[PDB]
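# task: produce atomic coordinates for the following.
(2 chains, ligands or ions: 2)
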Amino acid sequence: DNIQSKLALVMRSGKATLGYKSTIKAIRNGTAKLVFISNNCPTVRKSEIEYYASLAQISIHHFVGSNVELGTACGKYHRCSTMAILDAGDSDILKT
RNA sequence: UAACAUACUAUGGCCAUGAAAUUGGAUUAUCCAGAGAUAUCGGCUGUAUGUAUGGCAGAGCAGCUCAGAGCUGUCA
Ligand SMILES: [Mg+2]
Ligand SMILES: [Mg+2]
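Residues are numbered from 1 along each chain as shown, chains lettered A, B, ... in the order given. Ligands and ions are numbered 1, 2, ... in the order given. Sure, the structure comes next:
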């Protein structure tokens, strides 16, 4: 429930971007508050992103699932290896 | 209108920019996309048994003369 609900929330109230380019760009520009990576993420991206985040001190969430679960979770109809939560109004996770 | 010379075009693939849900794009057929589709006075690249010029008209071809030389057209 934590994840599904949290993200559903984040989507309703908040701003996020899906995908690799938008996620990295988000880290770069500093807009990225929280980063999600899937089980299916190609390694190179998993480690690359992991690095961009450590360096920018953003917190990375490793999802419990694969592309479909992510996309579905975000109430989108497309698959996503990596995702960025920008601003979520009501969800606790952003803060902890 | 030869190989060959130079410059351009050629079913595909790439690079930017930006991301797509009232999902779109696309083939006769399939098929592709947030693992970034579509789209930009956008850009790069690959293949001619393509185009232009050189070759080349002087050659070849078709006619017409002169007593071996000569003339005309070979176009769009
Ligand atoms: Mg082309
Ligand atoms: Mg002649």
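
# look up how far residue A:64 lies from residue A:56.
Distance, residue A:56 to residue A:64, using C-beta to C-beta, to the nearest Å: 24 Å. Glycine gets a C-beta too; all of them are placed from N, C-alpha and C.

# can you give me the buried ones in stretch A:3-10?
Along stretch A:3-10, these residues count as buried under the neighbour rule (16 or more other C-beta atoms under 10 Å): A:3, A:6-7, A:9-10.

# same question for stretch A:41-54.
So, applying 16+ other C-beta under 10 Å, buried residues of stretch A:41-54: A:41, A:45-46, A:49, A:52-53.

# which of those residues sits closest to RNA strand B?
residue A:41 (5.3 Å; C-beta to the nearest atom of the strand).

# the longest strand belonging to chain A - contacts with which helices or strands?
Secondary structure assigned by DSSP state E gives strand A:82-87 as the longest strand of chain A. Where contact means 3 or more C-beta pairs under 8 Å, 6 or more residues apart in numbering; DSSP states H and E, strand A:82-87 is packed against strand A:15-18, helix A:20-29, strand A:34-37.

# what does the first one rub up against?
Just to be clear, that refers to strand A:15-18. A:10, A:23, A:26, A:71, A:74, A:76, A:78, A:80, A:83-88 (C-beta atoms under 8 Å, 6 or more residues apart in numbering).

# same question, the second one
Contacts of helix A:20-29 from elsewhere in the structure, counted by C-beta under 8 Å, 6+ apart, are A:17, A:32, A:35, A:45, A:48-49, A:52-53, A:56, A:58, A:81-84, A:86.

# now the angle between strand A:82-87 and it, please.
50 degrees (axes from the mean of the first three to the mean of the last three C-alpha atoms, to 10 degrees).

# list the buried residues for helix A:20-29?
Buried, per 16+ other C-beta under 10 Å, within helix A:20-29: A:20, A:22-24, A:26-27.

# tell me the one among the residues you listed nearest to RNA strand B.
residue A:22 (3.0 Å).

# now the closest one: how far from residue A:95?
For residue A:22, the distance to residue A:95 - C-beta to C-beta - is 23 Å.

# what's the answer for residue A:50, then?
22 Å.
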